[PDB]
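In the block that follows, a single chain appears as structure tokens, in the form deposited in one PDB entry.
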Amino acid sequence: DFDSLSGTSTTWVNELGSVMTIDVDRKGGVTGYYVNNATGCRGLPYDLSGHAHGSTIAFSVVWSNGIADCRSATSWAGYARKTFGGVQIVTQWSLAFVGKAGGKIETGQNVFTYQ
């Protein structure tokens, strides 16, 4: 349950080796940071914010940190899935970026495992 992360800091990794550390407060506020391993802005920390309640969570990263700006933003929505024994976050992500052709939106799936 995301309410069980109240007052904790936890690190999670997805199938690409992208990592996030999320702090969930007593009201379900989510702060932390994300390191992308996919793409541009690889290996640098980006600020992350969102919210969790019950079995669902959502969080956002803008890919600009004052070092590398990938002219893009990603948001994730997910649900908690308990594993034999652990808990994973099963997400769908939305990506927006501005390139030569202007704005483009993309989508995919990411599963985050608790470390």
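Residue indices: 1-based, along the sequence shown.
Keep in mind the form solved in complex with a small molecule is missing from the figure; the text below concerns it.
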Can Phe59 be called a contact residue for the small molecule in the deposited complex at 4.5 Å between heavy atoms?
no
The small molecule contact at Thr113 in the deposited complex, heavy atom, 4.5 Å:
no
In the deposited complex, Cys70 touching the small molecule (heavy atom, 4.5 Å)
yes
Heavy atom to heavy atom, is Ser18 within 4.5 Å of the small molecule in the deposited complex?
yes
With the small molecule left out of view, which of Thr39, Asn65, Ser49, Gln88 would have a heavy atom within 4.5 Å of it in the deposited complex?
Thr39
